[PDB]
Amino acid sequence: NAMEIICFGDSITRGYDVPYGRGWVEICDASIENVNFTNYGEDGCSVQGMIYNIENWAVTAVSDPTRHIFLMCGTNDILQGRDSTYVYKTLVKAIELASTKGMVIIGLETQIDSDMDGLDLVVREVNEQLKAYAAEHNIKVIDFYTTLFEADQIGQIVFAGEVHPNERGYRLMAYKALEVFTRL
């Protein structure tokens, strides 16, 4: 049977605010036949709240030596004022926890488009440290941040607001995630 990929995160993993099927997770699920994606994303979620989601799943999870676990979070924490050290440290805890039940894939969260000279710098600092951690531990990374930054910079309409992708932004993210998921 299929591979299982379990996805955790906030509203940008859940797919706010487009029809079911058009968030990036769901695009990926419709694009790969023998990989089944389950979305545990939760709107409004903080990085510590995601840990709780992972724990509540992990205590019920069957052993599965081909499972992958996708994680991405921290935007809400950054919007509420937390610094890159807090966000990064808490994500590492999530990554260590998820690693006990599957092979982890890390997503680099997208830009804070309302504050490219303030809050977005925290996002960038988190993402640099994540790339360094993943290289050290041989964990796959999906760089969503770069995908949408480049597209928006050239004039593609990809954001519906200060952080949420629109449908175009979710398609571009799905393509970028598929570069990793397809090779598993």
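So that there is no doubt, residue numbering starts at 1 and follows the sequence shown.
- The mean Cα B-factor in the deposited entry runs higher for 114-122 than for the other of 141-149 and 114-122.
- Stretches compared: 131-139, 42-50. Higher mean C-alpha B-factor in the entry: 131-139.
- Per-chain ranking of the deposited C-alpha B factor places residue 34 in the highest third.
- Annotation for residue 3: CA B-factor lies in the highest third of the chain's modelled residues.
- Among the modelled residues of its chain, residue 177 has a C-alpha B-factor that falls in the lowest third according to the deposited record.
- Ranked against the other modelled residues of its chain, the C-alpha B-factor of residue 154 as given in the entry falls in the highest third.
- The entry lists a Cα temperature factor for residue 92 that places it in the middle third of the chain's modelled residues.
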